[PDB]
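Single chain ahead, by itself, as C-alpha cells, in the form deposited without this ligand.
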C-alpha cells in the first residue's frame, strides 16, 4: 500500500502587518522564526503557536532569516542593504553586517555557525565572520539578483542561485567556483538548497518547476510539477521526519507536497488566502510551517502522522 501524509491545520499565527517573507524552525525544534515586509521578526512556539516576542531594528522589509546551530542566534536579510545578527534570548542586535550595495535577499549560517553567507540584488554572495561581523569574502557570483544561498552539511560548500538562470556551487574556504550546475540562462533559478545528506540540490525555477540534481554527477534525477511558480522566490523543502517528501509553497495559495521518489503530488494544503511564499519542515516532528503574502499575512502550522 502507498503512503500519503495527512497534514492538518493545528494553529494559525497572526501578527505581521505586511506579507510574511520567510519562516524557519529553530534546530532545537521549539521555535519558529518569521520575517516580514513589515520590517519585523517574530518568534513563535512551534508546538503551541503561542506568540513569544517581536524583534525589531531593520529600516526596511526583511526577505529572509536563519538560525544558528545552537538556536541562540538569528541572522536576517533586509532591503536596507544590511544583515543583522540577533541574540534571540534578549532580542537585541549583536551586529549589523554592511557591505552589500543593494537589497540583501537571502542568508544562512554554516553548520559551525561561525560564518554567514548572504545573497543580494547587487549580484554578489558575501561570506561574513559571525564573531566580528567583518566581511571575509565577496564573490562576483552572478550577473543578476541572487535568490538563494545555502551551506552543505559540512560547510565546505555553498550553493547559490540567480535570476541569471544559473546555480553555482562554491568552495567556502577559497571562495572559488567548483561548479556551474545549472548552465542554461533563463529560466530564473528562484531557489536552491542542499539535501540533508549534502549529496543533492533541490532547485526551483520560475517555470513552475522543482528539480532534484545529483551534485557530483551534475545531472537531474527528479522533476516535480503541478504547482504555480513564475513570479516569486518560493522556499522549498525536503521532509524526512516521516515519509520522504518535497514540500513547497505555491502561487495558487496552497502548500504542495510530493512523494520524492515517484514525483507524484501526495497532498495539497488549503487554508491560505494568498501566495504561499515560504514553507518549512520541523526538524523532528511531521509539522509544516507555511506563510503567505499580503491578503493573508498569517503563518499556519500543519501536522500529520505520515
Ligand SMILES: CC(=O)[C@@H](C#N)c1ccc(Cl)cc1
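Residue numbers count along the first chain shown, from 1.
Not pictured, yet referred to below: the form solved in complex with this ligand.
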Handout entry: Among 264-272, 66-74, 50-58, 233-241, the region lying within 4.5 Å of this ligand in the bound PDB entry by heavy atom distance
Key = 233-241
Problem - 4.5 angstroms heavy atom contact with this ligand in the bound PDB entry for residue 43 - result: no
Practice task
Decide whether residue 215 counts as a contact residue for this ligand in the bound PDB entry under a heavy atom distance cut-off of 4.5 Å.
Solution key: no
Exercise for the section: Flag residue 196 as yes or no: does it have a non-hydrogen atom within 4.5 angstroms of any non-hydrogen atom of this ligand in the bound PDB entry? Expected result: yes
Handout entry: Residue contact check: residue 260 to this ligand in the bound PDB entry, 4.5 Å heavy atom
Key = yes
